[PDB]
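A lone chain, given as structure tokens: the form deposited in one PDB entry.
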């Protein structure tokens, strides 16, 4: 349809909390080949985050039930089967997001801000695959997540101020990747503390239109620090 017709209907789907509709509209906007505005970029991000987030939460619930029914043969087999069904849904969602990133989003990203955004998204959705993967296929998945995070991290530190919310949010998810996926509580703590300290050291670079976004991510960086320091 018309791109603006697809965008505002995705904004309606967001208010109605129909994120399957919201992701479908923003996917067609991406499939039209044109670069996304920062508004369309966030609508696509919010939509698929809710779509994949529902499966991650359901996966955690069914996975935990699977381990607490260890000595319940019939109940554990059903929990194992249901976890495998949610996993297949979760892998299809990420594979679509990663497909959109490699064909339209990252290749057509003209700006450093958008490239950092899409490379962080590539690392995020490979991290979501790593949460449900195992073996050598997981090792290749994990390395893809680290490569996307690292390239986005190097571009963000060369092109963005330490108080930039996209750079701060990238350091937040990168540190989460180190703690939860690579089980390095301090390659994450150092990264998170460095991002927090460098943002406080240059608080003069923070903009009025983005300072409540950046201050919030600085609070989250410090929460992960406090929690990982425990």
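Numbering follows the first chain given and starts at 1. Throughout, rigid core stands for the largest set of C-alpha atoms superposing within 1.5 Å between the two forms.
Keep in mind that the form deposited in another entry is not shown, yet the notes after this line are about it.
No residue in 32, 194, 205, 50 other than 205 shows a CA shift of 2 angstroms or more between the shown form and the other one after fitting the rigid core. A change of 3 Å or more separates the two forms for residue 208 and residue 221: their C-alpha atoms lie closer together in that other deposited form. Expansion of the residue 118-residue 210 CA spacing by 3 Å or more is recorded in that other deposited form, set against this form.
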